[PDB]
Every structure is written in C-alpha cells, then in structure tokens.
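A.B. asks: my sequence and its experimental structure, below.
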Protein chains: 6
Amino acid sequence: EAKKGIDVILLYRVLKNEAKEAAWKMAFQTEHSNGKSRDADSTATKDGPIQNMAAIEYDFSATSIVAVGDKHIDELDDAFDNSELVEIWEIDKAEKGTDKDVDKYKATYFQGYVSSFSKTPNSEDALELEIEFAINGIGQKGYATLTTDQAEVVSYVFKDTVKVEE
Amino acid sequence: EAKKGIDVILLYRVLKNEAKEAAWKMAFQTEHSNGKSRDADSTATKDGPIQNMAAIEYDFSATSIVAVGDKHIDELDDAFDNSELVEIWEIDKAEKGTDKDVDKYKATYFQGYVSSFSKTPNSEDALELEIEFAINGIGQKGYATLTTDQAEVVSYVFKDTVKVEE
Amino acid sequence: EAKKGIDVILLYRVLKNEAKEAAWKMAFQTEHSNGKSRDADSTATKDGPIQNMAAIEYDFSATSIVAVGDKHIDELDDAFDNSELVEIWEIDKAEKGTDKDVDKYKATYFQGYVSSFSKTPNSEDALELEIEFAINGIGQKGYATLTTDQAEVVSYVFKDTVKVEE
Amino acid sequence: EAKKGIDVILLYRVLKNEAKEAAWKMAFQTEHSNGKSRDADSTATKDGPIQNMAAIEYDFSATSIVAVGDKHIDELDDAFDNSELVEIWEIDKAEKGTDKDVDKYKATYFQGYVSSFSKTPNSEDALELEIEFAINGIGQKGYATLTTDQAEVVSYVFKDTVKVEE
Amino acid sequence: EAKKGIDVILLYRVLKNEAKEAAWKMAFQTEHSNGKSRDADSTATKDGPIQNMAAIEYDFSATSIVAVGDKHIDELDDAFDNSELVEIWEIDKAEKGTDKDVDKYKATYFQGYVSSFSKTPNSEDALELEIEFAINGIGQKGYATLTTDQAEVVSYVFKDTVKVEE
Amino acid sequence: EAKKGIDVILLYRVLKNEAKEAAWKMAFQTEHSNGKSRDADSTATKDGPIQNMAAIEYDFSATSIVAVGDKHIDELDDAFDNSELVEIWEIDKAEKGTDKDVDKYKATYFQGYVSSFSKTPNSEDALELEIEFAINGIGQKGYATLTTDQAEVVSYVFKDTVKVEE
C-alpha cells in the first residue's frame, strides 16, 4: 500500500539545553518541505565533455498553527535573535525497528541555524507560522525513540447519562 | 485550542508628541504582515564550508479602511512628508500578565520611519490605505497596558416599544 | 462610517490657459491610483547601521471612458505632443470646510507632465483611456471650491400622462 | 452617451502604389492597440531635481481574421519581405465634419514599417493574423474621406414565397 | 467566408533521401505555429531619428500525437542526432491553382535543422510530440502537388444485415 | 490507433551492483519527462548568415508515489550522497521485436548521476518523490528483455460462497 503524509513528524530542541531538557514536539503540524539538490556544470575540452559536481545545498521549511499558552515559540524566537544552533529530527511512524532496536523508528538528524521567522494575522483565519532553516552539513541516518505521549492522539471516551456527582 | 488573528492589534504615535499625547489605535484594522529574515552565505575553503550570518532585515506592512472624520491619517502623512520617527506597538489580547503585572498584555515595541503611503479609490469599493515601515533596530519584548475603551466593541442594547419621550 | 470611493474626483486644466479657462471636470470617471513612495538603503559601519532616505517618487494614473462629442481629450493630447504643464486637483466630497472656508472641500494640488496616453478599442466594449502623469514636486494641501453643476448628478423627473402640447 | 469601440476602423496601402491604387480596408476586424509613451528620467543636483523628457515611442498592433480568396495579405507579406513603407489610417465613424468638410471623418495618418507577421492555425478555430508596426515619426491629425461601400454592412432583404423563375 | 485552421497541413522529408523517397505526411496533426519577426533599433543624431532593420528571425514549432507502428518519427530522431537537413512544406487546402497549374495548391518551402525533440508521457493521456526547427534562410513561395491519399479522410460505409460469407 | 502513456516504464540499477543484482522496477509510476534540446546561434558575416550547432543538453525527470516497506529508495539516496553512476532504461510495451529478437521490447539506455531528491509530505495527501538526473552522453537505442512479473498487473480472482476451511 501507499505511505500517507501524516506519519512524518518533526522535533526540535536547542543545543545548549541538551542536558536540562529532552526533545519536544510542535503543537500543531500542517506540512513541511525537505529537499536536497546539487549543481552540475559541464566543461568542454577537445577530448569530450567533463562533469564536475558541486557541494550539497539544502532547502528546508516548516509550517504550523500557533497554539494559545505556548512557550516553545518564544524559545525559537530567542534562538533566532541570538544565533544559536537548533537540533532537528524527522521521524517516520510507519517503519519500526527490528531485533536489537525494537520499538524504535527510522529518523534523520540535522543541526542548523534559523534564518526566517514570519507570521501574518488575518481577520478571519488562524495564525500560521513559517520557519526556514539553514543546515550546516549532511544529515545522518539512524534510529530514534519516540515517547508514547508524543505518538498517540486524544479523544473523548464513552460516558453514561448519570450525574457527575462531586 | 488555536489562536485567532483577531486578537492582534497595532498602536501608533509620533516620537515628538511623546509628552502631549498618549498612544492611539487606528480606526479599522484588516490585516498586517510582520516578518523578519536573515541572509546566509557559504564560503568554501580547503578545510570545509563556513557559514557567516548577516544583519537582520525587517519586512513590515499594514492595511486599514479609511474612516470619515478621521484626523490621525493626516498626522501620519505629515510625519512621512517630514521624516519623523514613528512608534509602533504590537499587542496580543490572549496572553494576560501574571503576578506583578496583572491586567497587562504581551507586547513588542518598535521605532521606524514611514516609507510608503498609497491608496486606490474605486467606483464601488471603500477606500483602503496601505502603509509600509522601515525599522531601525531589533524590536524589544515587554508588557504594555491597554485601556478599556480600546479593547471592547460597541453594540446596541435592548429597547422597549415605548416612546423616547423628551 | 466608512468612506466610499465615489467621493473622490479629479480636475484638469493646462497652465497656459490659466487666464481664459477655469478648471474643468473630465466626463466619466472610473478609478485612479495615487501612491507615493521612498527608497530606504542601509550603509554598514563598525559602529552600527545608518539609515539614509532619498527623494520622494510619485506614481500617478487615471482611467476613464471616452464620451462622444468631447473636445477636452484633444487638449490633453495636444499638451502631451508639445510638453506643456498640466494642473491636477484631487477633491474629497465628504470633508467640508469650517468657519472661514464654509462650502469648501479638502483638496491637493499638483503640477506635472503627461507621459503616457493609450487606448485599445474592442469589438463589444466601450473605449477606455489610460493616462499617466509625471509630477515635478511635492503636492500641497489646501481647500478648493467646487461648483454646483460639477458636484450633482442628473436624473429624470416625474411626468403626467397628459400630452406634451407644443 | 459613451463611444463604442466598433466605430474605429483601420486602412492600409503601400507607398509605391500611391498612383495606381487607392486605400483598401481589411476584411474582418477584431481589435487593435494604439498607444504612445514617453520616458521621464530625473537628474539630481544641489539646487533641486530637474526632469529631461525623451523622444516619443510608439506601440502599435493589429488583429484580424483571415478571409478566403483574399489577395491583400500577400501584399503585406511581400512588403515585409522587402522592407517597404506602409501607410496606415485610423478613422472614427462617430465624429463627422462640419461646414467646409461635411461628410468627412476625423482621422490620423501614419507611415511605418512592418516588423512582425505571425499566425497560428488550430484544429477547431479560425485563422487569426497578428501584425505589429514600427512608425517613423509623429502621426498627424486631419480629415479623411470614407466611401459608402466601406462604411455600411450587408444583410439579406425581404423576399416573397413565390418562385425565383429564371 | 472565414478560413478554418483544418485546411493547413505540413510535410517532411530528409535532404539525403530526395532521390529514393517522396514527401510524407505526419500521422496525426494537432497544431503548429509559424511566425516571423524583425528587430528595429533607433539611433539618435542631431538631424533626427534613423531606423535600421536587422535580419529576419524565424519561430517554428509543431505538435502531433504519436501513432502505434510508426517508423517516421525514428527517422526524425536519427536526423536530429546526426545534424541532417530537413525539408518542410506548408500547404493550404482552400486555394487551388489556376490555368497552367490546375489541381495544385498554394505552398511554402523551407529547409532547416531540428533543434528540439521532447515528449512527456502521462498516466491517462496519449503521447504528444513537440518538435522545434531552426530555419536557414527566407522561405520561398510556390505551388505544390498533393496526392489524393494525403488529402481525403477515411470513414466506414453502409453494410446490410446479411452475413460476411467466406 | 493512438499510443497511450501507460505503455512506457522505467528501470533503475546502480553501476557497482552490475554483477550481484539485476534490473529492478520502481514500485509506483506516475509520469516522467524525457526532453533533449540543442542551442542554435547565428554569426553574421559579409557573405551571409552561418549556423553553428552546440552539444546536446538533456532534461530528465521522474515522479512517483512512495510505497511502504520499500528499500530501493534508500539505495538511490545513498547513491546520491556518494556520487555513484545510475543506469536508466526506458522501455515501450507496445512495440515488440521481430525475428531474432522475439518477445523483446524497444528500449533506450542511459547512464547518469542523481542531482535532485525532494519530497513534501502533506496532511491529507500521499508522499510523492521527485528525482532529476544528469546524463553523461547520448543515449543508445536497442532491444531489452522484460520479465513476466514486471509487465503484468495483479487483480483478485473469483471465489465461491463456501468457507476457507483450514
């Protein structure tokens, strides 16, 4: 079968808080764009065309909906205003781990800076936040652990028609 | 829950009138765009890529509907024609203050110049005014006080079927 | 209340005809665009950013529907073909004058050249004329007088079912 | 009342056929664009801005539908392939002449070269021919004579239900 | 009456096969674009503007639907991969020949190279092939002969309700 | 008959795995773009225009839908991150082979690098993967063999209303 887009999520945390705080998940996800590209030029000589390949250039973006009572966005704003490194995780919820690493998910690890921070409030729409990152180097592949509270959704349960007595 | 866009408003006042006049709210708000960005360039050396970050560049805008009998817009036009500094406030109506600063809202403070002032009257639409600012330095985060008259809306009340006797 | 777009009109007259002819209103108005802007560049030094502002640049335009039996458009075309100065007024019909200037309206005064003159006739649409101006200097604010004939519209009156006897 | 776009037509003839052939009208007109513009630059000095106005630049275009059995288009093609001058007339059918020049129409006279000649045949649409001219100098205003056959349309007349006997 | 676009077709053949093969018509035609243009620049001198005209630049294109079992497209691909000259004909089916050249059509003759060859297969649409040519010199006007099989369409005929007995 | 777009498929395999692994078909195909072009410039001399043609430039692309449990995409990503050559085949399912090459299909063979690798997950759409290649030299024409499992589709078969007894 096909793989849905819902199963891919993102995590963040600041570099200097690696000892005090663990990873934290954004409140509301909408979408994100992860795309890498390379530059290919051709040099012509009398023996034939030769191709030299350039360095990897990353294009990263994220979109979310601002929640009320949220403190984490202020952390990202302060990290942008002070040029601090941000850790990014991209985790898949469909591919689980085998043998030695059961109950682990397939993930990639990046470190980069924040380069853009914009939001436009309208008169009839909810706030949307766009963040664009600049990544230092090639991302690495590995397996990561996702907690139970960060993977499951919350919905109401069945209740009877009897009083809710104090 | 989510945060609506109606909870964000703007205030203006001219720098040279800081002693005589307090802050004033524009009549009709439609939307505005607040976005900050940075430019990242890569320099290549034989040891690896190095990233240098540049100064912060701001992108600010405002949109409104002109009211009849309004004097404030003339003040902005005069300030634009004479290159005077304008103070800008962005206040949230959802995040209230704690302990020492109860009944205060989370706000951000700017100072900048006016750079654009345009309006296009049609034959069947109301006048709309678009203003663009140029900000000198990084905005500061703090708590601000909003008066009761500037936060509440006005609507008609219940009336009986009796006369309005003089 | 909101200000409608129908309350803003324009007047024209050529500079060399200031003694013989008074101001005249062009026949059919559709819309116009009045927008002023400035250029803000930043110079970087070791002590901090410095802001320098340049001269004001104007963006003016007009749109109309050509009337039959109209001579005034020929005057504008001849003024364009000979580089003559054209006076432009922008008058508001909603803001009336006080005390000494009762029955006067708020207006602005410009002098500029004609730089564009285009029209495209179709097979099922009426002719539309687009004019663009190049303004010499900053417009001045003042109060202007508008005649009764140029401010009111004309509609048919009630008639009986009796003949129109010669 | 307003002026419709139908009342404006165009005429052509080649310069070297001034004595042998009179003016000829295109078969099917759809639309055309006549627009003139000027370039305005500003030079800054210590005494104030100075404006120098440039030469007039013309923008001309025509659109038509190719008719079957038409020879005139080949004349335009040969004139384009050999760089010959083409005379263009733009005549209004609503403004008639007075006293000395009764039964004459208001017209403008141009001479220019042909610079573009394109057509794109589809599988379900009729052929359309697009021509773009380049005009040598300023057009002149005058009155021109239009023949009766070139101004009136042709429609069927009433016929009885009797035979059409040879 | 008007001229439809279905009456214009194209023919091809390779230059080196002028003795062994005659002209061949492409299987399915959709549309094509034939447009010629010139560049006009103005040089200013103290006596007046002077206009100089440059060489003719051609813009040619073709669109078709690939047929199954077709060998001709491979010939065009081979000619493109080896830089061979291609002959192009554009023939009208509405203008027939007179006196000496009865049963001949009005045509135009070109010789050029192939410069583009692209096709994009989708999941629910038929294949479409787009070819662009680069023409060496001015096309020549003349009369050409079209065979009976290349001008008529094929449709089913009437059949009775009796068997198709062997 | 017309040729549908479903009859064209692609195959991949890495150059360094030519001995251990055979060709493999990627799971879900949507579309792809194969386009080749050349650059034609004209040099002017006193004897006439001369045409010079440059090297062939390729434009290749692919689009697909990511499947769950798929390992092959990781191979392409690793080949991109390490600059390895990738073999590409384009096979037609409508043109079968003759005499000595019965049950073979018409195909083309390319070798190139991976230059782009992007994917954007949404909240209500399936993942789509876009890949762009950079080809070294001109593709070669030949006949290739396609296995039975890679050419046929799979659908359910008829079942009775009796149980599925163990």
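C.D. replies: That came through fine. Numbering: from 1, shown residues only, chains lettered A, B, ... in the order given.
A.B. asks: for residue A:28, which residues are in contact?
C.D. replies: Applying CB atoms under 8 Å, 6 or more residues apart in numbering or on different chains to residue A:28 gives the contacts A:64-65, A:67, B:2. All C-beta spots, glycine's among them, are computed from the backbone N, C-alpha and C.
A.B. asks: and which of those residues is nearest residue E:53?
C.D. replies: Of all the contacts of residue A:28, residue E:53 sits closest to residue A:64, with 59.3 Å by CB to CB.
A.B. asks: ok, back up a step: of the contacts of residue A:28, just the buried ones, PyMOL syntax please.
C.D. replies: Selection command for PyMOL covering only the buried members of the contacts of residue A:28, criterion 16 or more other CB atoms under 10 Å in any protein chain shown:
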select buried, chain A and resi 64+65+67
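A.B. asks: just put the contacts of residue A:28 in a markdown table and tack on secondary structure and distance to chain D.
C.D. replies: Listed next are those as a markdown table, based on DSSP: H, G, I helix; E, B strand; the rest coil; distance: CB to the nearest CB, whole Å:
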| residue | secondary structure | distance to chain D |
| --- | --- | --- |
| A:64 | strand | 46 |
| A:65 | strand | 47 |
| A:67 | strand | 51 |
| B:2 | strand | 50 |
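A.B. asks: which of the contacts of residue A:28 sit farthest apart?
C.D. replies: Using CB to CB, the pair of the contacts of residue A:28 lying farthest apart is A:64 and B:2, separated by 10.7 Å.
A.B. asks: show me which strand runs longest in chain A.
C.D. replies: When chain A is parsed with DSSP state E, its longest strand is strand A:105-119.
A.B. asks: sheet-wise, list the partners of that one with their directions.
C.D. replies: Paired strands of strand A:105-119, with direction, are strand A:86-96 (antiparallel), strand A:128-135 (antiparallel), strand A:140-144 (antiparallel), strand B:29-37 (antiparallel) (DSSP bridges).
A.B. asks: residue numbers of chain A in contact with chain B?
C.D. replies: Within chain A, the positions lying close to chain B (CB under 8 Å from any CB of the partner chain) are A:28, A:55, A:65-69, A:80-81, A:83, A:113-127, A:134, A:136-137.
A.B. asks: partner residues bridging the residue of chain A found nearest chain E?
C.D. replies: At 14.8 Å from chain E, residue A:2 is the closest residue in chain A, using CB to the nearest CB. Following DSSP bridges, residue A:2 is listed with bridge partners residue F:67.
A.B. asks: residue D:77 versus that one, what's the distance?
C.D. replies: 57 Å (CB to CB, to the nearest Å).
A.B. asks: repeat that for residue A:58.
C.D. replies: Going from residue A:58 to residue D:77 by CB to CB gives 55 Å.
A.B. asks: got it, and residue A:18?
C.D. replies: 77 Å.
A.B. asks: ok, residue A:1 next?
C.D. replies: Taken as CB to CB, the span from residue A:1 to residue D:77 is 62 Å.
A.B. asks: higher neighbour count, those two?
C.D. replies: Shown here are residue A:1 and residue D:77; by other CB atoms under 10 Å in any protein chain shown, residue D:77 has more neighbours (14 against 7).
A.B. asks: got phi/psi on that one?
C.D. replies: As for residue D:77, its main-chain torsions (degrees, to the nearest 10) stand at phi -60, psi -40.
A.B. asks: now do the contacts for residue A:85.
C.D. replies: Residue A:85 is in contact with A:14-15, A:111-113, counting by CB under 8 Å, 6+ apart.
A.B. asks: and which of the residues you listed is nearest residue C:105?
C.D. replies: Distances from residue C:105 to the contacts of residue A:85, taken as CB to CB, are shortest for residue A:113 (56.0 Å).
A.B. asks: the closest one contacts residue B:53, doesn't it?
C.D. replies: Yes. Residue A:113 lies in contact with residue B:53 (CB atoms under 8 Å); the separation is 6.9 Å.
A.B. asks: who has more neighbours out of those two?
C.D. replies: Neighbour totals were compared for residue A:113 and residue B:53, and residue A:113 leads with 18 against 14 (other CB under 10 Å).
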